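Listed in order, the protein sequences are those of chains 1 and 2.
The opening position of the first sequence corresponds to residue 1 in the authors' numbering, with each subsequent residue numbered one higher.
The opening position of the second sequence corresponds to residue 7 in the authors' numbering, with each subsequent residue numbered one higher.
Built from N, CA and C at the ideal position, the CB exists for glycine as well.
A short worksheet on the structure shown next.
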Amino acid sequence: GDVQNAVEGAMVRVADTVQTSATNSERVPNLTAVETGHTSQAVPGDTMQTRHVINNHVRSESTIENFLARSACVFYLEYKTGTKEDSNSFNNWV
Amino acid sequence: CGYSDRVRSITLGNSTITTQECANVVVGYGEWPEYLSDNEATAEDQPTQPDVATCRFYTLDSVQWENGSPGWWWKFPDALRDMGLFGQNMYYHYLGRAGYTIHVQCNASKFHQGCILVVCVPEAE
C-alpha cells in the first residue's frame, strides 16, 4: 500500500517449472516476430522436457527501495578555524 | 525359524553376491540412498535414470595382503570411470548423483590371524 508505511509488506516468489513431455504438435511457442516490439514469453518447458521444480527464490534485493537505500557520499567540504579576516574560516556548498 | 544371521544375499541388477560369514550391514548415518526430490531440484532439464544398466556390482582390482604391507586407498567416484555404462554416462554428463554399496571381500583359514579396518571417509583432503 502506502510506501511510508514500512510495516505493511507483501510477498511473492519466483515462478516454478512444470513438467512437460515430448510433443509433435502444430503449435510453435518459440517462433515470434521481433518487429512487433513484443518480448517473447518462452519458458524452458517449451523446448525441452523439463522435470517439476519448485523455486522458493524471491526477488528481494532488486526492489527499488533496497537498491537505492544505502548512504552514498555526495561531497566533502573543507574549512579552517579562523577569524573574520580569513576567507576560509567558513565555507558553503550549493 | 531356520534363519541364521551369518548368511546374506545381496542382489542388485543382474549381479548377486552371497556371503556365508558376515556381521550385519552398516547403513551409513542411518539413511538409505534414494532419488532426488522435487523440493531439492535445481536443474530444470529432465534427468535420465538408467536403472538396471548402471546399478550392479563392479569388481575392482584386488591387492595382496602381506605381513609388511601398510594399507591401501581408492577414491570414489573417480575409481569407477572405466566401469561399463556407469563410466559412459559419467563421461557424457555434466552432473551426476548416486549412492554406493561397498562390499570388501577377504578370507583365510583358522590358522591365520590379522585384522583390517574398513572405513569410508567422506571428503578426505
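Does the CB of residue i have a neighbour CB from chain 2 at under 8 Å?
{"i": "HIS57 (chain 1)", "result": "no"}
{"i": "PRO29 (chain 1)", "result": "no"}
Kindly give me the distance between the Cβ atoms of residue i and residue j, rounded to whole angstroms, as I take these residues to be in contact under 8 Å.
{"i": "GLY45 (chain 1)", "j": "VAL18 (chain 1)", "result": "6 Å"}
{"i": "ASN30 (chain 1)", "j": "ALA42 (chain 1)", "result": "5 Å"}
{"i": "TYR79 (chain 1)", "j": "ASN88 (chain 1)", "result": "6 Å"}
{"i": "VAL53 (chain 1)", "j": "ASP44 (chain 2)", "result": "6 Å"}
{"i": "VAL58 (chain 2)", "j": "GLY105 (chain 2)", "result": "Not quite, the Cβ-Cβ distance comes to about 16 Å (not below 8 Å), so this is no contact."}
Can you list the residues of chain 1 that residue i reaches, using a CB-CB cut of under 9 Å?
{"i": "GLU50 (chain 2)", "result": "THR17, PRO44, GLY45, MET48, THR50, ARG51 and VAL53"}
Can you list the residues of chain 1 that residue i reaches, using a CB-CB cut of under 8 Å?
{"i": "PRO53 (chain 2)", "result": "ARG51"}
Could one say the Cβ of residue i lies closer than 8 Å to chain 1's Cβ atoms, at least one of them?
{"i": "residue 3 (chain 2)", "result": "With chain 2 represented from 7 up to 131, any question about residue 3 (chain 2) goes unanswered, as that position is not in the structure."}
{"i": "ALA47 (chain 2)", "result": "yes"}
Taking the straight line between their C-alpha atoms, what separation do you get for residue i and residue j?
{"i": "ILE16 (chain 2)", "j": "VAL58 (chain 1)", "result": "46 Å"}
{"i": "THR24 (chain 2)", "j": "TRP38 (chain 2)", "result": "20 Å"}
{"i": "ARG51 (chain 1)", "j": "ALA47 (chain 2)", "result": "9 Å"}
{"i": "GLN119 (chain 2)", "j": "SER21 (chain 1)", "result": "60 Å"}
{"i": "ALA29 (chain 2)", "j": "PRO83 (chain 2)", "result": "26 Å"}
{"i": "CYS126 (chain 2)", "j": "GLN94 (chain 2)", "result": "25 Å"}
{"i": "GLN4 (chain 1)", "j": "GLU65 (chain 1)", "result": "11 Å"}
{"i": "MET96 (chain 2)", "j": "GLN52 (chain 2)", "result": "16 Å"}
{"i": "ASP11 (chain 2)", "j": "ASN24 (chain 1)", "result": "56 Å"}
{"i": "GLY74 (chain 2)", "j": "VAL32 (chain 2)", "result": "29 Å"}
{"i": "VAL124 (chain 2)", "j": "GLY8 (chain 2)", "result": "30 Å"}
{"i": "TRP80 (chain 2)", "j": "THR54 (chain 2)", "result": "27 Å"}
{"i": "residue 5 (chain 2)", "j": "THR65 (chain 2)", "result": "No information on residue 5 (chain 2) is available, as it lies outside the stretch 7 to 131 that chain 2 covers here."}
{"i": "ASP88 (chain 2)", "j": "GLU61 (chain 1)", "result": "46 Å"}
{"i": "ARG70 (chain 1)", "j": "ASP2 (chain 1)", "result": "21 Å"}
{"i": "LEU91 (chain 2)", "j": "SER40 (chain 1)", "result": "40 Å"}
{"i": "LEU68 (chain 1)", "j": "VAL74 (chain 1)", "result": "14 Å"}
{"i": "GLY34 (chain 2)", "j": "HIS109 (chain 2)", "result": "13 Å"}
{"i": "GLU131 (chain 2)", "j": "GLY102 (chain 2)", "result": "21 Å"}
Mind checking if residue i is an interface residue toward chain B, Cβ cutoff 8 Å exclusive?
{"i": "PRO128 (chain 2)", "result": "Within the model displayed, chain B is absent; protein chains 1 and 2 are what it includes."}
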